[PDB]
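Undergrad: sequence, then structure. It's an experimental one.
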Amino acid sequence: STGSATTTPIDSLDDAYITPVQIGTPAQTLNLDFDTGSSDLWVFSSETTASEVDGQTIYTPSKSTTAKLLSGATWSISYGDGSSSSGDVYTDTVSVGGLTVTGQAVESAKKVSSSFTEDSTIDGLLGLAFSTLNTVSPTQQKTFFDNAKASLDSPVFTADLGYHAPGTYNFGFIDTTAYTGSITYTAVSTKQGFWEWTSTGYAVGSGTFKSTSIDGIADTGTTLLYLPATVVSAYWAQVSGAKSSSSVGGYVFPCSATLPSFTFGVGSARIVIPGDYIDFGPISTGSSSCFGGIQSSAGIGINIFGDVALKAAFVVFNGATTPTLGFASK
């Protein structure tokens, strides 16, 4: 089997992407944030504290003939940005882009933090990291991908995120029309539960490539590119007036600037992030200070190849017995 679903930016900045997902019988379609940096499929629901719901579409398990309470199971998750959610668990039928999993754990939120409430466009998350990170207790649950894997034509999914435009998540096949040149595959460590890999270096604009190992995660659920302070300083030094602002919370730059590209290495291959992808616009409406899309990872504890990086590539998440990651230009 295979699946193919379009993913759409939630706003004009590509802060996140939503993908429609069918849950239950008859189908309830919710728009979920596919997150290769976590491993829980959770939804706003009929159980979510009323004051914490503001425009989201909810899953109502009592209206699904295939929903079953997973008795005694609870979940609770905290994300890198400090947001969180928790609740109980149902199993139900879940379909993405025509690919169906029966008995998928659907984690129903009883509580969500303010950032989730405030984002009316995101009805929940669909985790695509390794199932060892799943938070369900006392019986850990598998991700949608893990459950689908054995049925897939090939044990892979691909992320093809758009820059200010829709893109695609495919399951079970590689669309050879969706990228240019060849795909370069690189080793993955699953030791921390992430799609963790080592970039071979970087360049700023038309500058020379610096060969240096940068361990990080491929994370579709993180907006920006978070890299070591040395790398980030070298990038922003090429933008007149750019500075790190503790009050704003990262590097800002004059909105009058033209940003240089940023290249990262994948083996001997190179992915180029155009400068425009690094512009996140005014820090507040009307401001002439703009927020940068490359930020320091210092204090996170890991480097993160988030959407800024991933949307410059066609990315293969290869879930074979020994997982790997592939990157192609597009």
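TA: Nice, thanks for sending it over. Residues are numbered from 1 along each chain as shown.

Undergrad: what's near enough to touch residue 309?
TA: 225, 264, 271, 273 (C-beta atoms under 8 Å, 6 or more residues apart in numbering). C-betas here are computed from N, CA, C, even on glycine.

Undergrad: would CSV of those with neighbour count and distance to residue 128 be doable?
TA: Shown next, in CSV, are these (neighbours: other C-beta atoms under 10 Å; distance: C-beta to C-beta, whole Å):
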residue, neighbour count, distance to residue 128
225, 29, 19
264, 25, 21
271, 22, 20
273, 24, 22
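
Undergrad: just those: which are in strands?
TA: 225, 264, 271, 273 (DSSP state E).

Undergrad: which pair in the residues you listed spans the largest distance?
TA: Largest separation among these by C-beta to C-beta: 225 and 271, giving 11.1 Å.

Undergrad: and the strands in the stretch 1-150 of the chain?
TA: 3-9, 17-23, 28-35, 41-43, 68-78, 84-96, 99-112, 124-127 (DSSP state E, counting those that start in this stretch).

Undergrad: still on that earlier bit, nearest to residue 154 among the contacts of residue 309?
TA: residue 271 (22.7 Å).

Undergrad: wait, doesn't that closest one sit right on residue 277?
TA: No - using C-beta atoms under 8 Å, residue 271 is not in contact with residue 277, being 11.1 Å away.

Undergrad: circling back to that earlier point, in JSON lines: the ones in strands among the contacts of residue 309, plus distance to residue 327.
TA: Below are the ones in strands among the contacts of residue 309 laid out as JSON lines (distance: C-beta to C-beta, whole Å):
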{"residue": "225", "distance to residue 327": "14"}
{"residue": "264", "distance to residue 327": "9"}
{"residue": "271", "distance to residue 327": "6"}
{"residue": "273", "distance to residue 327": "12"}
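
Undergrad: which of those lies closest to residue 302?
TA: Distances from these to residue 302 were compared by C-beta to C-beta; the smallest belongs to residue 225, at 12.6 Å.

Undergrad: backbone phi and psi for the closest residue to the closest one other than its chain neighbours, please?
TA: Distances taken as C-beta to C-beta, 6 or more residues apart in numbering place residue 308 nearest to residue 225, at 4.2 Å, with adjacent residues excluded. Per-residue torsions, residue 308: phi -50, psi -40 (degrees, to the nearest 10).

Undergrad: count of neighbours near residue 308?
TA: 26 (other C-beta atoms under 10 Å).

Undergrad: what's the answer for the one 10 residues further on, then?
TA: The local packing of residue 318 (other C-beta under 10 Å) involves 19 other residues.

Undergrad: list the residues that contact the residue nearest to residue 225.
TA: So residue 308 contacts 223, 224, 225, 273, 277, 278, 293, 294 (C-beta under 8 Å, 6+ apart).

Undergrad: for it, give its distance to residue 41.
TA: Counting by C-beta to C-beta, to the nearest Å, the gap from residue 308 to residue 41 is 25 Å.

Undergrad: going along the chain, name the helices of the stretch 201-330 of the chain.
TA: Secondary structure of the stretch 201-330 of the chain (DSSP state H, counting those that start in this stretch): helices at 229-236, 307-310.

Undergrad: for the longest one, buried residues please.
TA: Residues of helix 229-236 classed as buried by neighbour count (16 or more other C-beta atoms under 10 Å): 231, 232, 234, 235, 236.

Undergrad: beta partners for the nearest residue to residue 317 once chain neighbours are set aside?
TA: Distance criterion C-beta to C-beta, 6+ apart; nearest residue to residue 317, sequence neighbours excluded, is residue 157 at 5.1 Å. Beta-bridge pairing for residue 157 (DSSP bridges): residue 171, residue 317.

Undergrad: ok, now residue 7?
TA: Beta-bridge pairing for residue 7 (DSSP bridges): residue 167.

Undergrad: ok, residue 59 next?
TA: Going by DSSP bridges, residue 59 forms beta bridges with residue 45.

Undergrad: how about the contacts made by it?
TA: The neighbourhood of residue 59, defined by C-beta under 8 Å, 6+ apart, consists of 23, 24, 28, 30, 43, 44, 45, 46, 106, 108, 123, 124.

Undergrad: now it: how far from residue 140?
TA: 21 Å.

Undergrad: same question for residue 195.
TA: 19 Å.

Undergrad: try residue 167
TA: 30 Å.

Undergrad: and the two? which has more neighbours close in?
TA: For the pair residue 167 and residue 140, the greater number of neighbours falls to residue 167 (21 against 15), based on other C-beta under 10 Å.

Undergrad: that one touches residue 175, doesn't it?
TA: No - checked against C-beta under 8 Å, the pair residue 167 and residue 175 is beyond contact range at 11.5 Å.

Undergrad: any residues in contact with both of those two?
TA: Contact criterion C-beta under 8 Å, 6+ apart; residues shared by residue 167 and residue 175: residue 160.

Undergrad: contact partners for residue 95?
TA: Contacts of residue 95 (C-beta under 8 Å, 6+ apart): 3, 21, 22, 27, 101.
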